[PDB]
Amino acid sequence: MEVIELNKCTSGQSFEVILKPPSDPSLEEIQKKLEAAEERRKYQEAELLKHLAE
Amino acid sequence: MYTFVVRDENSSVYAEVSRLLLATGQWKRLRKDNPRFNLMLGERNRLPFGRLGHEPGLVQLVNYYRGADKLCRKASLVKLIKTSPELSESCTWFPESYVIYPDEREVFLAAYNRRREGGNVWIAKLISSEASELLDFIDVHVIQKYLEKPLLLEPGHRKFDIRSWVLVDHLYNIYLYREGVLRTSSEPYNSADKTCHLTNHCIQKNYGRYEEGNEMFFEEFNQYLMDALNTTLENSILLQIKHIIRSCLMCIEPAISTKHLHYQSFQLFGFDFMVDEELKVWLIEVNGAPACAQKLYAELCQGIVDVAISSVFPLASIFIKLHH
Amino acid sequence: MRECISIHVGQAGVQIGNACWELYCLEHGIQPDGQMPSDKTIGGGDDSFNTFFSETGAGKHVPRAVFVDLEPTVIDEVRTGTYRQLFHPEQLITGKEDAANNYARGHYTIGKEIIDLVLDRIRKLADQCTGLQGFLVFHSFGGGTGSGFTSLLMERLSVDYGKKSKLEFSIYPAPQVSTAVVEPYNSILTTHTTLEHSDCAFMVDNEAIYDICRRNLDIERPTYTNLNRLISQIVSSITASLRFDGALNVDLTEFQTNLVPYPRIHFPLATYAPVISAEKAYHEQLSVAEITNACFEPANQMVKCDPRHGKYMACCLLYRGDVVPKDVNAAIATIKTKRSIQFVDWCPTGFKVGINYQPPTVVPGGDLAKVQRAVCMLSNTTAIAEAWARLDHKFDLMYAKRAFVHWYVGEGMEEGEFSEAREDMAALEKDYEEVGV
Amino acid sequence: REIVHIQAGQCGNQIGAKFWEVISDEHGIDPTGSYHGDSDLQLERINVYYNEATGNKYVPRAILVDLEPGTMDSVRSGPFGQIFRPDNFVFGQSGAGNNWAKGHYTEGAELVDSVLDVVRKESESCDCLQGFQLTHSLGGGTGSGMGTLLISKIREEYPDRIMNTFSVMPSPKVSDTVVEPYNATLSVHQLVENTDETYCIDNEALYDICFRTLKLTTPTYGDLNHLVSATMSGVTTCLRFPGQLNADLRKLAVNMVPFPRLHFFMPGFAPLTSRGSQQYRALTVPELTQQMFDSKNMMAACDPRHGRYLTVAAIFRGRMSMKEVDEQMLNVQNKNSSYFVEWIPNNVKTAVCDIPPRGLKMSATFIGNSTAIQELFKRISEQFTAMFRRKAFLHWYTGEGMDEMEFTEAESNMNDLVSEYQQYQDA
Ligand SMILES: Nc1nc2c(ncn2[C@@H]2O[C@H](COP(=O)(O)OP(=O)(O)OP(=O)(O)O)[C@@H](O)[C@H]2O)c(=O)[nH]1
Ligand SMILES: Nc1ncnc2c1ncn2[C@@H]1O[C@H](COP(=O)(O)OP(=O)(O)CP(=O)(O)O)[C@@H](O)[C@H]1O
Ligand SMILES: Nc1nc2c(ncn2[C@@H]2O[C@H](COP(=O)(O)OP(=O)(O)O)[C@@H](O)[C@H]2O)c(=O)[nH]1
Ligand SMILES: COc1ccc2c(c1)NC(=O)CN2c1nc(C)nc2c1CCC2
Ligand SMILES: [Ca+2]
Ligand SMILES: [Mg+2]
Ligand SMILES: [Mg+2]
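As structure tokens, then:
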């Protein structure tokens, strides 16, 4: 087994052992979808208050 | 009560296991996709092992070993025997085999050319000499040495294969069913047409001449070996079979064992063997979803409940344990 | 030195953050009032622990942390707890009403009201950083705040800090300890929205740590305090390299380099050993070989799965205690001959090992006993996809009947986001199987 | 997270008064509003149902509504009557005469605005209002007719708050008038639209329990209300006391209601106890679990084996092994998995409170959203149709301005509710 890149310090040791070798959306778009859902909420509430007005 | 589900209705074996479980009065069956089961008699393809063992308050058991397909596929078995040092390339009970992709072609051709200096009959899975024919027939298959000198029963000069049923429980105990069957060829064996060369039940449909259903069981075959060859089934054949079953399952135990798993597995295996004219046993294939013989369905399936199911879910020997 | 900011969202994120920061102070020798007599550079410095702590003129060591919850009763216990002096009031943010186990209520309705405040408080910590690497985000999959608001936060952190890494410590839902029936919905929704914004996510199935507490700690009914003290031990093992001198996993980018070759497959499996009960009078201390062998038992993993029926892409061994490289290599040699450890053909078969000589630190009066050596294994195995199969199947059962969907649509969410999130999960499952078969 | 309690009509105020009697004793508050308890678990979440008053008295956040002064004067004379804020008494003089139309359209319209003024003053003082809980019957006129008019108007002013009700269903076994199926069918139509959670307290189920199980030959309303007050205490345990689950009304609705219209819960209680009767053997955890699921313990006269549980909630109260509670609850689900829908995984959630109710060392309260509740609505739909096919007694309602068309609409909607509960009984 190969043991490579052994680094030692006073806190401990680091190394690597090898056995076998190989064989975003914009802020503009985020706010737009946050307000498209708020629009849908206010619509659904408006339909409720319209129904209660009847 | 215990609860179980059935996800393979085409399973002749576990159809009988379901009836026996229900008749106990301590097992009730749920719907296919009800998660609150104790036992799963699952499907054969893409069984969801990743969903087992996550129901609180339920000990879950399944009738299949995840990863056992590497022993029950013709291509997987050959790769396993060659690459596993427990079995090795020098394995004395497996015929020479090579995996061909329509590969090992160049390495295979070297053996077939070394077979030209001398018999060179092979089978692909069909049967042919020389071997150039079968390659164009293949165009995944596996080519294997055809056993040209098999043991032939008399009267009839017949070919046969030996099927042994093996159950491995949640503890990885290996249970060999004391009852096996010889699937006979009711056609005389011709060394120079595949009805005599292939011993499959469906291929035989001279059928039924010497015994009912072309199925000779162990009692008659033992008496034949005594009268004809002055030996017994135990000494001449069954010792090698138990060695091959033991060796094959001990090899893959680290890969399939459910000893410390959140769910448990058992599985019924069907081992098929070939016997040559010198009473040497050869393993040909392993089946992960085998069907039993009608004469033995009642006894074997009852032994599955006793040994594999009731051992985990107890209520209010027909096997030979292979020791390791 | 480069700083890391921790963000704790929802109940699970806050209480686990409590456990971690309690453990950090004990390891680094920081007192509940923020004082650290070990520190000789008063008022600042670029030591390794300053990655997680800032320093004031009075000598206080302040966590680079922000706690967010849409409902105040959980963070209020932090405001009056043992470490109340540790945190500044501005880095503890609470709302009035929570998300009610509703992803859409935490992401859209209530999340919009508080997101700009949190990012401002987050910006106040980043302005005290000379070289910010990124963020560690602690949250739950099932919570309405842990799922809904975190995904909204992860979206905005990618916008405001594009060149920074973002790691997750996510609590996978387990019905044994959860009180919400719609956690598969919240989990799939938040995994879909966060996937492209998270560079590395360490999942912790509550079922796994629950049974570990039952089996190995002799605790009949483990509480969140039992669970979180064990979780923080694993988290500390993972973050020890960022807080201590060493050469392995020194920055957040090295986590993705060493563990995540495929961006979408960024869910390493964590296995930890030994977990020993403090009430066990007689205990035989386990060797390097025994604890390294335990890293391959599913009973010790943070997610119950079978790594034998998958393939590895990377594997780190993080040792704490009396461990030397000679014994690690001997243990690895014997383990390879006896276990099914299959790497993908485009990866080298090997382990990156990090050893910290200081043994694991335990909370006084806790359930964990002091061990002479422990190890946490980080292994990116395709076997962890079993948890996605479990989660997606439960999602499929409920969504086929549109059960509870009206709660999410009633918060402005469209029914299309469900199937959009589920198709992404379907793509993730096939990516795993393509690599692992 | 404060809750505004409202009680309307004769039945609503009598079970409402007994509710405040029971939970004031649990929280250690005397009739004078002073606290004289031992544990501080009694005061941690006391803000949910009580306002802290002068001298640190505790005044219930309760609003008492009726169209006649009779029953409400009985409340003020009752054992805890002086604990209620006197300004929250709102009453007319005409009464409603068991007439849904009088309560909902004529007599109750005169009084509803003054009720909303008291509701508004209680809500503006709330730090974070959860919603409302209403106690009322559906067979009378005030609690049924005016109660639903209040619910409709409360939803208009507070559209983002939870509406919870304790609704007593009529039964010919405990019948005041023949027109009770009319008032119930008219009220259920309103409850389907304008409430988030309704506890179906069936007077038929309360009668059979008092008769068949408790061996009371002639049950009074006091015997029926003893069962109501025990259930109301249990179902509100996780709202009033701290535990591993500090529940609220919204989380309760989100987790119990998979489809908005199917929000009618079968309550259940164990052990069943008769008044003034002391039994000295505490029940084991297996016994509480088996009984609380028994049909004989359901407060709605429905056979749960005729349907399937969509969601289940359970409260165990007392000193007991929570592990044994886990084992026994998991046992019921794994032993009767047929009666829980498989398309809502892990649809049973349980909580444990250390403080038991008065008189019992161990108790269990059952909250079930079962599709078998359609039997209750079927029963009332049959009694409704028997009279309505002859338009019998309709003149009492048309004389207050109602049209036959409104009865047909209410009949249709309840039959639709029955069909919708039948939709998921087979899926
Ligand atoms: N390990 C652990 N899991 C927790 C803890 N608290 C909650 N959970 C899990 O988190 C899930 C519920 O999410 P929560 O974090 O409680 O909810 P939230 O993030 O506050 O969101 P909302 O309450 O809905 O507004 C459940 O599956 C719990 O099991 C904790 O302290 N430790
Ligand atoms: N190397 C070989 N030498 C001689 N005969 C062989 C042979 N390989 C196969 N056979 C014959 O071929 C028959 C069928 O082969 P095989 O068992 O692989 O197919 P199969 O898998 O479809 C039947 P099963 O699944 O029940 O075992 C065997 O019964 C045997 O008689
Ligand atoms: N359980 C119970 N039911 C009651 C009580 N009082 C009345 N009822 C029922 O409620 C219906 C009568 O409604 P009621 O409240 O008296 O009319 P209201 O005053 O106009 O609201 C009948 O079906 C009664 O059986 C009570 O104290 N307890
Ligand atoms: C079906 O799954 C459920 C069912 C109910 C709830 C929850 C999940 N979860 C909650 O937070 C609220 N809740 C509850 N509410 C209230 C007020 N009393 C109780 C519970 C559960 C136990 C008693
Ligand atoms: Ca310093
Ligand atoms: Mg919360
Ligand atoms: Mg009356």
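Those sequence lines, one after another, are chains A, B, C and D.
For the first sequence, the working numbering assigns the number 22 to the initial residue and increments by one for each residue that follows.
For the second sequence, the working numbering assigns the number 82 to the initial residue and increments by one for each residue that follows.
For the third sequence, the working numbering assigns the number 21 to the initial residue and increments by one for each residue that follows.
For the fourth sequence, the working numbering assigns the number -10 to the initial residue and increments by one for each residue that follows.
Don't be surprised by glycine CBs; every beta carbon is placed ideally from N, CA and C.
The secondary-structure analysis by DSSP pairs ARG110 (chain B) across a beta bridge with B:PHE85. For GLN322 (chain D), the chain B residues whose Cβ falls inside 7 Å of its Cβ are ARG117, in order along the chain. For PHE352 (chain B), the pairing in a beta bridge is given by DSSP as B:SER245, B:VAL367.
Flagged as an interface residue toward chain D: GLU240 (chain C), by a C-beta distance shorter than 8 Å.
Collapsing the DSSP output to three states places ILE284 (chain B) in coil.
A straight-line Cα-Cα distance of about 26 Å links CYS115 (chain D) and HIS252 (chain D). If you check the CB distance, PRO288 (chain C) and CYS220 (chain C) come in under 8 Å.
Apart from the 5 residues on each side of it in sequence, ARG422 (chain C) has no Cβ closer than 7 Å to any other Cβ in its chain. Proximity of the beta carbon of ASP165 (chain D) to ligand 7 is indicated: a heavy atom of the ligand is located closer than 7 Å. Residue state for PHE69 (chain D) is assigned as coil, using DSSP reduced to three classes.
Assignment of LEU388 (chain C) by DSSP, reduced to helix, strand and coil, places it in the strand class. In this structure, the C-beta of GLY129 (chain D) approaches ligand 7 to less than 7 Å from one of its heavy atoms.
Taking 8 Å as the cut-off, the beta carbon of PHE366 (chain D) is found closer than this to the beta carbon of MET403 (chain D). Along the stretch 136 to 148 of chain D, the positions whose C-beta sits under 8 Å from a C-beta of chain A are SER141, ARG144, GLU145, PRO148, read in chain order.
Under the Cβ criterion (8 Å, minimum of three pairs), the stretch 225 to 242 of chain B counts as touching the stretch 164 to 179 of chain B. DSSP, read as helix, strand or coil, puts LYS324 (chain C) in coil. Within 7 Å of the C-beta of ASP242 (chain B) there is at least one heavy atom belonging to ligand 2.
Here the alpha carbons of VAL425 (chain C) and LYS414 (chain C) stand approximately 14 Å from one another. Within the stretch 257 to 284 of chain B, no residue places its CB atom closer than 7 Å to a CB of chain D. Applying a distance threshold of 6 Å between residue Cβ atoms and the heavy atoms of ligand 6 selects C:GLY30, C:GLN31, C:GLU91, C:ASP118, C:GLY163, C:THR165, given in chain order. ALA67 (chain A) has a beta carbon lying at 8 Å or more from every beta carbon in chain C. Three or more Cβ pairs closer than 8 Å define a contact, and the stretch 49 to 57 of chain C meets that threshold against the stretch 70 to 83 of chain C. Between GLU59 (chain A) and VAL373 (chain C) a beta carbon distance of about 51 Å is seen, past the 8 Å cut, so the two are scored as non-contacting. Taking C-alpha positions only, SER28 (chain D) is separated from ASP343 (chain D) by approximately 11 Å. Around the C-beta of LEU112 (chain C), 16 or more other C-beta atoms lie within 10 Å, and the residue is accordingly described as buried.
DSSP places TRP385 (chain D) in no beta strand (DSSP E) but in the uninterrupted alpha helix (DSSP H) bounded by 384 to 387. Counting only the Cα atoms, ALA219 (chain D) lies some 16 Å from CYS0 (chain D). Considering only D:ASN335, D:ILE304, D:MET311, D:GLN(-4), the residue with the shortest C-alpha distance to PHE121 (chain D) is D:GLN(-4). Of the candidates C:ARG22, C:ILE25, C:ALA39, the residue whose Cα lies closest to the Cα of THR245 (chain C) is C:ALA39. Put simply, the CB of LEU111 (chain B) is near chain D, with a gap under 8 Å to one of its CB atoms. The C-alpha of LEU168 (chain B) lies about 14 Å from the C-alpha of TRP363 (chain B). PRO204 (chain C): member of the alpha helix (DSSP H) spanning 203 to 214, first to last residue. For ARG229 (chain D), the three-state secondary structure derived from DSSP is helix.
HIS159 (chain C) carries a strand assignment under DSSP once its states are collapsed to helix, strand and coil. Residue environment analysis places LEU403 (chain B) among the buried positions, since at least 16 neighbouring C-beta atoms fall within 10 angstroms of its C-beta. Contact between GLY432 (chain C) and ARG62 (chain A) holds, with the beta-carbon distance rounding to 4 Å and staying under 8 Å.
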